[PDB]
Amino acid sequence: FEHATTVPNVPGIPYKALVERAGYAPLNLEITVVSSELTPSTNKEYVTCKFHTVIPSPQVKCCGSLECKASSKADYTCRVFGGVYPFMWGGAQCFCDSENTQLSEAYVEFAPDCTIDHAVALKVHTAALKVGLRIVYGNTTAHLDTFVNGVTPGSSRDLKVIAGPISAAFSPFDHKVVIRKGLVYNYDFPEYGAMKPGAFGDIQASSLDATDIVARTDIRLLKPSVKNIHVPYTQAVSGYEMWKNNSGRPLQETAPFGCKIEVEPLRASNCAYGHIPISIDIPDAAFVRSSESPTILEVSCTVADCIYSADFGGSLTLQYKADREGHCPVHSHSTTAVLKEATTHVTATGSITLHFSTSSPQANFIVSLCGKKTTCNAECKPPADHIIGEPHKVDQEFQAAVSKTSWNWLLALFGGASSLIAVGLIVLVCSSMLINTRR
Amino acid sequence: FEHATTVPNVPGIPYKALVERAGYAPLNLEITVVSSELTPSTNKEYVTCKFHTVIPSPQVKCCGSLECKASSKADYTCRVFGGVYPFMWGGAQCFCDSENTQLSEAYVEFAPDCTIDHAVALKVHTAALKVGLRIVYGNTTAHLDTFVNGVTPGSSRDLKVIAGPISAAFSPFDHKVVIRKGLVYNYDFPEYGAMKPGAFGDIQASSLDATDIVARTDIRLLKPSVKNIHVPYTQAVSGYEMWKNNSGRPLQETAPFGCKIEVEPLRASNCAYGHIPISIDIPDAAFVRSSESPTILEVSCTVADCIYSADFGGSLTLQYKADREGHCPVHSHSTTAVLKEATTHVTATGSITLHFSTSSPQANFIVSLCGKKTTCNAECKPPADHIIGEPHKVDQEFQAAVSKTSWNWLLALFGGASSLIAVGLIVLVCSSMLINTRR
Amino acid sequence: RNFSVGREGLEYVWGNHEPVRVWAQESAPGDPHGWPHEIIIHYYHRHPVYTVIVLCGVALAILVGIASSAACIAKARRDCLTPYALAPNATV
């Protein structure tokens, strides 16, 4: 037999539901998302890092021409200059007094440290949320992992868990991101081949070991304007490093919904957003016939003092009368309240005390024991502590957040107003009747 | 001098423009897409192929109980049977005939031939076009490859060019595509970890040799029911093989716009779709002040026997009066027609023979010989050649597809229709005035 | 085998040969410079729907022009005659 329920997409929170297998005694079902793994689809665009300018040893044909031929190196920008008459440490270094042409060369490659200091830009799209589930139900507990696409069954043991799609489409990563040393930054990096001199993407390649390097750096070579041989040149400050100095802060401190961003592969861990549809086929052998389980003839709810808060600040008690001892399930059918306990070893007769949490000051919810239903009605107070170390175990509905008394006052004031317009209609009728009754 | 023009995205088609930079003698500019490589954001999901089922040497416990265990192998499935008493060629293989238990084990792995026959599921979010452009300007000729995005500067040492973005949002590939033996098919393949028994993606893994293979095959084991030791099993037919047998035609034979699809990497090529916004920085060393170029005082168009066709069915002799002999560029400014040649040697006086193609039924196109402009006009005939193996060199537009000699007829018809009611209105207004003014 | 192809052209692959590409001219019956009916037939074979919509629009505009002009002129003449149709012995 299969069951299905929506589940709040919040990590660590144990969601709880009751499966009402018809003639079988109900069974508790706590759905607990151990962790979430929103994996974006990604492709490497290019590797980049601090370009290491390489100016190869100059070439000189002291009495003739030199070709300014092309080469495949990144931003290969060689130029030829005459009258160089360069001096080396040993002295003059050319055949001719005047017609000495000199070839100056410059290109760039990844610095040696780039093997670690590099960053990779990646386009990312259509992120799919993976999740780790731990399911506990009756005397049985199981753990599972599933891609929440609404199609794949991440089945394990006997649980035919199927999950998704996500109630809201979301990704923390924008379609352009850059990964560095495990950090990541959303950044509209320039496209492959779009190297801009002095900005991120100054030098680019498909792999850091690759010779297929393309770059733009505004490298320009000046005349050897000194007697000592030299190759004076200038260029834009490594755009990669310039970016680093002003990169903005990473997504680990910018991703919403508290999702902790992680790399290798780039993925978002523990995201908390929307809700997860869940369906679970369970082997009927996990349930029991209603005659085998105990069942309660009579039950009533008396709520103790309670606090509406993220934690189990509420406490309630139930008197019960049962046919026999055994583990009855206990659950709240109302969405605005969840019980801490999920099972009770019911006696033939007695009472149980249960802890619960609620977001509505009106503790107005229907508790169930062994499938029987009991209404609870109490006024919870606000907690004395403004901030606590635990997320709210339940959402809130504004229609449910109005207190029984505040709701009565509102409906009494609008009732008054509506009674005055009703009196209006009454008198507007009777004013016609005054004429028509004695015409 | 920087110049920019739109260019029809068609490979091999000669597109021609004249850079009328009036401070210098006009220069011919012919731009032709020599090739294109529409290369989308290909990312691997999983490899797949005909899974080789492995039913390993079964386990038996001649006098004891056996248990099933979980395993990392894909779709790993086990069953246990008692009272099995299996035989082998030597005879009975156990001493007990009652509690003798047999563990049957089955799982899957990629067949050895999958190293070649493997299919791979590729997701492709969008294509970043890259076009190889051949450029000729003046006496010079050049080639360069530019990513069509309108941002990256492609360079040919001399020329620099920026092209893109393509006006059309075209992509031949669907979001989901699968490669096979260099063939490719757009297909609704299931995501990683999602497997449908007997359909494409029955077995899936990140690599053809990855140990973390995952699969679903509905493999189920029957009870061993014969003397000879056996592990009778049944399964869904391989979903990969089934898909292959009903794969439909590959995208190589289905992409529109004449796109040719290639593998390694997956790429579209020669796609004739939309137009390319192109801008070019023709080096000023390529021009001369108008005074240094030959120039003509008078020019005249003698178009005759022109045939509007994809090939150069139009031809004319262009008579001219010129200042000096030399080469002069020639171009058809109006997009409705394109000349075959772009420059010709010119004398001090004579006529130049020319050829052209047009889609309009008449030669009503503006033509210029290196400066001065004239408009041709003669009517062009359609050829009997309904089909030819050469692509059209001009679009067709309803702004001028109607012949002027027939358009004048349509205008005369609307003239009659409108003039009738015009006369009617005039006569009504006149009579209205007569009733009040000549009364 | 019959295959349609327009100005965009068509590619056919046969056997293991290289693909063959072909493109269609706007070749059709009639003549875009001939008699008006030769014009209409030529454009019809070039673009049936556009030719039909153009010819029907022209014919309808002509019919509306005729009907409206006749109504205008005959009504104006009728009301112009009206004073003389009424008045006997008046200027005919």
# chains A, B, ... in the order shown; residues from 1 in each chain; ligands from 1

call {"tool": "select_by_dssp", "arguments": {"residues": "segment 139-338 of chain B", "states": "strand (DSSP E or B)", "output": "number ranges by chain"}}
result
B: 140-147, 154-155, 160-163, 176-180, 183-186, 203-205, 214-215, 220-221, 228, 233-234, 260-262, 267-269, 275-281, 296-304, 307, 314-322, 326-331, 337-338

call {"tool": "residues_around", "arguments": {"residues": "residue 9 of chain C", "least_positions_apart": "6", "cutoff": "7 Å", "atoms": "only C-alpha atoms", "output": "list in words"}}
result
residues 22, 23 and 24 of chain C

call {"tool": "write_last_selection", "arguments": {"atoms": "C-alpha atoms", "output": "compact mmCIF listing (two decimals), in the first residue's frame"}}
result
# COMPACT_ATOMS: atom_id res chain seq x y z
CA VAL C 22 19.14 22.36 -54.37
CA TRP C 23 17.20 25.62 -54.35
CA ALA C 24 14.06 26.74 -56.16

call {"tool": "residues_around", "arguments": {"residues": "residue 251 of chain B", "least_positions_apart": "3", "cutoff": "10 Å", "atoms": "only C-alpha atoms", "output": "CSV table (one decimal) with N, CA, C and O atoms, in the first residue's frame"}}
result
chain,number,residue,atom,x,y,z
B,172,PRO,N,19.5,24.0,-33.0
B,172,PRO,CA,19.0,22.8,-33.5
B,172,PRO,C,18.8,21.7,-32.5
B,172,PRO,O,17.8,20.9,-32.6
B,173,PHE,N,19.6,21.7,-31.5
B,173,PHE,CA,19.6,20.7,-30.4
B,173,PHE,C,18.5,21.1,-29.4
B,173,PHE,O,18.3,22.2,-29.0
B,177,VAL,N,19.8,15.8,-25.6
B,177,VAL,CA,20.3,15.2,-26.8
B,177,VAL,C,21.2,14.0,-26.3
B,177,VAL,O,21.8,14.0,-25.2
B,178,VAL,N,21.3,13.0,-27.2
B,178,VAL,CA,22.1,11.8,-26.9
B,178,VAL,C,22.9,11.5,-28.1
B,178,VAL,O,22.5,11.5,-29.2
B,179,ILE,N,24.2,11.2,-27.8
B,179,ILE,CA,25.2,10.8,-28.9
B,179,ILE,C,25.3,9.3,-28.9
B,179,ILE,O,25.1,8.6,-27.9
B,183,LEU,N,26.5,9.6,-34.2
B,183,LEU,CA,25.2,10.0,-34.5
B,183,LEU,C,24.6,10.7,-33.3
B,183,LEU,O,25.1,10.6,-32.2
B,184,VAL,N,23.6,11.5,-33.5
B,184,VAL,CA,23.0,12.2,-32.4
B,184,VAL,C,21.5,12.3,-32.6
B,184,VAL,O,21.0,12.4,-33.7
B,185,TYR,N,20.7,12.2,-31.4
B,185,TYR,CA,19.3,12.3,-31.5
B,185,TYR,C,18.8,13.1,-30.3
B,185,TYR,O,19.3,13.0,-29.2
B,186,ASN,N,17.9,14.0,-30.5
B,186,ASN,CA,17.2,14.7,-29.4
B,186,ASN,C,16.3,13.7,-28.8
B,186,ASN,O,15.5,13.1,-29.5
B,248,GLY,N,14.4,6.2,-34.4
B,248,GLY,CA,14.0,7.3,-35.3
B,248,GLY,C,15.2,7.8,-36.0
B,248,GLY,O,16.4,7.4,-35.8
B,254,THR,N,17.9,15.6,-39.6
B,254,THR,CA,16.7,16.3,-39.1
B,254,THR,C,16.9,17.7,-38.6
B,254,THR,O,15.9,18.4,-38.5
B,255,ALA,N,18.1,18.2,-38.4
B,255,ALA,CA,18.2,19.6,-38.0
B,255,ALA,C,17.8,20.5,-39.1
B,255,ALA,O,18.1,20.2,-40.3
B,256,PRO,N,17.1,21.6,-38.9
B,256,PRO,CA,16.7,22.5,-39.9
B,256,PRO,C,17.9,23.4,-40.4
B,256,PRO,O,19.0,23.2,-39.9
B,259,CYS,N,21.7,22.6,-41.1
B,259,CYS,CA,22.7,22.4,-40.1
B,259,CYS,C,23.3,21.0,-40.3
B,259,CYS,O,22.6,20.0,-40.4
B,260,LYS,N,24.7,20.9,-40.3
B,260,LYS,CA,25.4,19.7,-40.3
B,260,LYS,C,25.9,19.4,-38.9
B,260,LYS,O,26.5,20.3,-38.3
B,261,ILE,N,25.6,18.3,-38.3
B,261,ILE,CA,25.8,18.0,-36.9
B,261,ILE,C,27.0,17.0,-36.9
B,261,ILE,O,27.1,16.1,-37.6
B,262,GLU,N,28.0,17.3,-35.9
B,262,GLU,CA,29.2,16.6,-35.8
B,262,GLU,C,29.4,16.3,-34.3
B,262,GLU,O,28.9,16.9,-33.4

call {"tool": "residues_around", "arguments": {"residues": "segment 213-218 of chain B", "least_positions_apart": "5", "cutoff": "10 Å", "atoms": "only C-alpha atoms", "output": "PyMOL selection string"}}
result
chain B and resi 46-48+51+53+72-77+107-110+192-199+201-208+234-239

call {"tool": "write_last_selection", "arguments": {"atoms": "N, CA, C and O atoms", "output": "CSV table (one decimal), in the first residue's frame"}}
result
chain,number,residue,atom,x,y,z
B,46,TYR,N,25.4,10.9,-18.2
B,46,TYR,CA,25.8,9.5,-18.0
B,46,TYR,C,26.0,8.8,-19.3
B,46,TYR,O,25.4,9.2,-20.3
B,47,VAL,N,26.8,7.8,-19.3
B,47,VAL,CA,26.9,6.9,-20.4
B,47,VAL,C,25.9,5.8,-20.2
B,47,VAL,O,25.4,5.5,-19.1
B,48,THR,N,25.6,5.1,-21.3
B,48,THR,CA,24.7,4.0,-21.3
B,48,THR,C,24.9,3.1,-22.5
B,48,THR,O,25.5,3.5,-23.5
B,51,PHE,N,23.4,-3.3,-21.3
B,51,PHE,CA,24.0,-3.8,-20.1
B,51,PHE,C,24.2,-5.3,-20.3
B,51,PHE,O,23.3,-6.1,-20.7
B,53,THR,N,24.2,-8.6,-18.5
B,53,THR,CA,23.8,-9.2,-17.2
B,53,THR,C,24.8,-10.2,-16.7
B,53,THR,O,25.3,-11.0,-17.5
B,72,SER,N,26.9,-2.7,-3.8
B,72,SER,CA,27.0,-1.5,-4.6
B,72,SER,C,26.7,-1.7,-6.1
B,72,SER,O,26.5,-0.8,-6.8
B,73,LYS,N,26.6,-3.0,-6.6
B,73,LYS,CA,26.3,-3.2,-8.0
B,73,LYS,C,25.0,-2.7,-8.4
B,73,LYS,O,24.0,-2.7,-7.6
B,74,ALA,N,24.8,-2.3,-9.6
B,74,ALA,CA,23.6,-1.8,-10.1
B,74,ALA,C,22.5,-2.8,-10.2
B,74,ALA,O,22.7,-4.0,-10.6
B,75,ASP,N,21.3,-2.4,-9.8
B,75,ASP,CA,20.1,-3.3,-9.8
B,75,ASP,C,20.4,-4.6,-9.1
B,75,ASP,O,19.7,-5.6,-9.4
B,76,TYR,N,21.4,-4.7,-8.2
B,76,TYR,CA,21.8,-5.9,-7.6
B,76,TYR,C,20.6,-6.5,-6.9
B,76,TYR,O,20.0,-5.9,-6.0
B,77,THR,N,20.2,-7.7,-7.3
B,77,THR,CA,19.0,-8.4,-6.8
B,77,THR,C,19.4,-9.8,-6.4
B,77,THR,O,20.1,-10.5,-7.1
B,107,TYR,N,23.3,-9.2,-10.9
B,107,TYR,CA,23.5,-7.8,-11.1
B,107,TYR,C,23.9,-7.5,-12.5
B,107,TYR,O,23.9,-8.4,-13.3
B,108,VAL,N,24.3,-6.3,-12.8
B,108,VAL,CA,24.6,-5.9,-14.2
B,108,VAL,C,25.9,-5.1,-14.3
B,108,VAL,O,26.3,-4.4,-13.3
B,109,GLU,N,26.5,-5.1,-15.5
B,109,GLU,CA,27.6,-4.3,-15.8
B,109,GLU,C,27.6,-4.0,-17.3
B,109,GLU,O,26.9,-4.7,-18.1
B,110,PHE,N,28.3,-3.0,-17.7
B,110,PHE,CA,28.4,-2.7,-19.1
B,110,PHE,C,29.1,-3.8,-19.9
B,110,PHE,O,30.1,-4.3,-19.5
B,192,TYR,N,20.0,11.2,-14.4
B,192,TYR,CA,20.8,10.3,-13.7
B,192,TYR,C,20.1,9.8,-12.5
B,192,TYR,O,19.4,10.6,-11.8
B,193,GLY,N,20.3,8.6,-12.1
B,193,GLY,CA,19.6,7.9,-11.0
B,193,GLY,C,18.2,7.7,-11.3
B,193,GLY,O,17.5,7.1,-10.4
B,194,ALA,N,17.6,8.0,-12.4
B,194,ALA,CA,16.3,7.7,-12.9
B,194,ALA,C,16.4,6.6,-13.9
B,194,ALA,O,17.1,6.9,-15.0
B,195,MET,N,15.8,5.5,-13.7
B,195,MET,CA,15.9,4.4,-14.7
B,195,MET,C,14.5,3.7,-14.9
B,195,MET,O,13.8,3.4,-13.9
B,196,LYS,N,14.1,3.6,-16.2
B,196,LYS,CA,12.9,2.9,-16.5
B,196,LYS,C,13.3,1.6,-17.1
B,196,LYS,O,14.0,1.5,-18.1
B,197,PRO,N,12.8,0.5,-16.5
B,197,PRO,CA,13.2,-0.9,-17.0
B,197,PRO,C,12.6,-1.1,-18.4
B,197,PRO,O,11.4,-0.9,-18.7
B,198,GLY,N,13.5,-1.5,-19.3
B,198,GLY,CA,13.2,-1.7,-20.7
B,198,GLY,C,13.0,-0.5,-21.6
B,198,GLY,O,12.5,-0.6,-22.7
B,199,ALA,N,13.4,0.7,-21.1
B,199,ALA,CA,13.4,1.9,-21.9
B,199,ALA,C,14.8,2.5,-21.9
B,199,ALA,O,15.6,2.1,-21.1
B,201,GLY,N,18.0,4.4,-21.0
B,201,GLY,CA,18.5,4.7,-19.7
B,201,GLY,C,18.1,3.6,-18.7
B,201,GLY,O,17.6,3.8,-17.6
B,202,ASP,N,18.3,2.3,-19.1
B,202,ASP,CA,18.0,1.2,-18.2
B,202,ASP,C,19.2,1.0,-17.3
B,202,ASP,O,19.0,0.8,-16.1
B,203,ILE,N,20.4,1.2,-17.8
B,203,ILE,CA,21.6,1.2,-17.0
B,203,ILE,C,22.3,2.6,-17.2
B,203,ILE,O,22.3,3.1,-18.4
B,204,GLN,N,22.9,3.1,-16.2
B,204,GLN,CA,23.5,4.5,-16.3
B,204,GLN,C,24.7,4.5,-15.4
B,204,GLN,O,24.7,4.0,-14.3
B,205,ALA,N,25.7,5.3,-15.8
B,205,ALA,CA,26.9,5.6,-15.0
B,205,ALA,C,27.6,6.8,-15.6
B,205,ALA,O,27.4,7.1,-16.7
B,206,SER,N,28.4,7.4,-14.7
B,206,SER,CA,29.1,8.6,-15.1
B,206,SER,C,30.2,8.2,-16.1
B,206,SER,O,30.7,9.1,-16.8
B,207,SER,N,30.7,7.0,-16.2
B,207,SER,CA,31.7,6.6,-17.2
B,207,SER,C,31.5,5.1,-17.5
B,207,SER,O,30.9,4.4,-16.8
B,208,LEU,N,32.0,4.8,-18.7
B,208,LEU,CA,31.9,3.4,-19.2
B,208,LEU,C,32.7,2.4,-18.3
B,208,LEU,O,32.5,1.2,-18.4
B,234,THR,N,14.8,-13.7,-15.2
B,234,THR,CA,14.1,-13.0,-16.3
B,234,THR,C,14.3,-11.5,-16.1
B,234,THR,O,14.5,-11.1,-15.0
B,235,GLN,N,14.1,-10.8,-17.1
B,235,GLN,CA,14.4,-9.3,-17.1
B,235,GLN,C,13.7,-8.6,-18.2
B,235,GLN,O,13.3,-9.2,-19.2
B,236,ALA,N,13.6,-7.3,-18.1
B,236,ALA,CA,13.2,-6.5,-19.2
B,236,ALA,C,14.3,-6.5,-20.2
B,236,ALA,O,15.5,-6.6,-19.9
B,237,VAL,N,13.9,-6.5,-21.5
B,237,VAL,CA,14.9,-6.3,-22.5
B,237,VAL,C,15.7,-5.0,-22.3
B,237,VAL,O,15.2,-4.1,-21.8
B,238,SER,N,16.9,-5.0,-22.8
B,238,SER,CA,17.7,-3.8,-22.6
B,238,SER,C,17.0,-2.6,-23.2
B,238,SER,O,16.7,-2.6,-24.4
B,239,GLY,N,16.8,-1.6,-22.4
B,239,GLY,CA,16.2,-0.4,-22.9
B,239,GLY,C,17.0,0.4,-23.9
B,239,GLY,O,16.5,1.0,-24.8

call {"tool": "select_by_dssp", "arguments": {"residues": "chain C", "states": "alpha helix (DSSP H)", "output": "PyMOL selection string"}}
result
chain C and resi 36-46+48-86

call {"tool": "atom_distance", "arguments": {"atom1": "atom CA of residue 125 of chain B", "atom2": "atom CA of residue 39 of chain B"}}
result
10.9 Å

call {"tool": "decode", "arguments": {"residues": "segment 7-54 of chain C", "atoms": "C-alpha atoms", "output": "PDB file, in the first residue's frame"}}
result
ATOM      1  CA  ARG C   7      13.590  29.730 -52.176  1.00  0.00           C
ATOM      2  CA  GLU C   8      15.108  28.357 -48.960  1.00  0.00           C
ATOM      3  CA  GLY C   9      16.166  25.259 -50.891  1.00  0.00           C
ATOM      4  CA  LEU C  10      16.246  21.587 -49.988  1.00  0.00           C
ATOM      5  CA  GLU C  11      18.925  19.023 -49.198  1.00  0.00           C
ATOM      6  CA  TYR C  12      18.510  15.361 -50.113  1.00  0.00           C
ATOM      7  CA  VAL C  13      20.793  12.537 -49.006  1.00  0.00           C
ATOM      8  CA  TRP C  14      20.913   9.451 -51.193  1.00  0.00           C
ATOM      9  CA  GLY C  15      22.913   6.303 -50.619  1.00  0.00           C
ATOM     10  CA  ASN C  16      26.202   6.971 -48.902  1.00  0.00           C
ATOM     11  CA  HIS C  17      26.882   9.933 -51.191  1.00  0.00           C
ATOM     12  CA  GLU C  18      27.608  13.444 -50.045  1.00  0.00           C
ATOM     13  CA  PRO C  19      24.408  15.411 -49.428  1.00  0.00           C
ATOM     14  CA  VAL C  20      23.116  17.196 -52.511  1.00  0.00           C
ATOM     15  CA  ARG C  21      21.609  20.647 -52.059  1.00  0.00           C
ATOM     16  CA  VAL C  22      19.138  22.363 -54.370  1.00  0.00           C
ATOM     17  CA  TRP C  23      17.200  25.621 -54.351  1.00  0.00           C
ATOM     18  CA  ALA C  24      14.062  26.744 -56.164  1.00  0.00           C
ATOM     19  CA  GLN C  25      13.637  29.801 -58.362  1.00  0.00           C
ATOM     20  CA  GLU C  26      10.391  31.744 -58.368  1.00  0.00           C
ATOM     21  CA  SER C  27       9.775  30.161 -61.775  1.00  0.00           C
ATOM     22  CA  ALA C  28       6.088  29.788 -62.547  1.00  0.00           C
ATOM     23  CA  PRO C  29       3.539  30.088 -65.368  1.00  0.00           C
ATOM     24  CA  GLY C  30       2.701  33.479 -66.822  1.00  0.00           C
ATOM     25  CA  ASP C  31       4.939  36.533 -66.732  1.00  0.00           C
ATOM     26  CA  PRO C  32       5.250  39.293 -64.097  1.00  0.00           C
ATOM     27  CA  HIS C  33       5.369  41.791 -66.988  1.00  0.00           C
ATOM     28  CA  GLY C  34       2.664  40.251 -69.207  1.00  0.00           C
ATOM     29  CA  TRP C  35      -1.040  40.931 -69.447  1.00  0.00           C
ATOM     30  CA  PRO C  36      -2.853  41.464 -66.111  1.00  0.00           C
ATOM     31  CA  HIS C  37      -4.151  37.892 -66.132  1.00  0.00           C
ATOM     32  CA  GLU C  38      -0.632  36.664 -66.896  1.00  0.00           C
ATOM     33  CA  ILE C  39       0.456  38.747 -63.906  1.00  0.00           C
ATOM     34  CA  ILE C  40      -2.201  37.261 -61.644  1.00  0.00           C
ATOM     35  CA  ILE C  41      -1.459  33.679 -62.709  1.00  0.00           C
ATOM     36  CA  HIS C  42       2.281  34.234 -62.255  1.00  0.00           C
ATOM     37  CA  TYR C  43       1.950  35.601 -58.730  1.00  0.00           C
ATOM     38  CA  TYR C  44      -0.667  32.958 -57.899  1.00  0.00           C
ATOM     39  CA  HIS C  45       1.744  30.190 -58.816  1.00  0.00           C
ATOM     40  CA  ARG C  46       4.317  32.115 -56.789  1.00  0.00           C
ATOM     41  CA  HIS C  47       2.102  32.801 -53.746  1.00  0.00           C
ATOM     42  CA  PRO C  48      -1.466  31.471 -53.952  1.00  0.00           C
ATOM     43  CA  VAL C  49      -2.758  32.805 -50.616  1.00  0.00           C
ATOM     44  CA  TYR C  50      -1.251  36.274 -51.051  1.00  0.00           C
ATOM     45  CA  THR C  51      -2.491  36.502 -54.636  1.00  0.00           C
ATOM     46  CA  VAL C  52      -6.013  35.436 -53.665  1.00  0.00           C
ATOM     47  CA  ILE C  53      -6.148  37.861 -50.730  1.00  0.00           C
ATOM     48  CA  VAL C  54      -4.882  40.696 -52.948  1.00  0.00           C
TER      49      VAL C  54
END
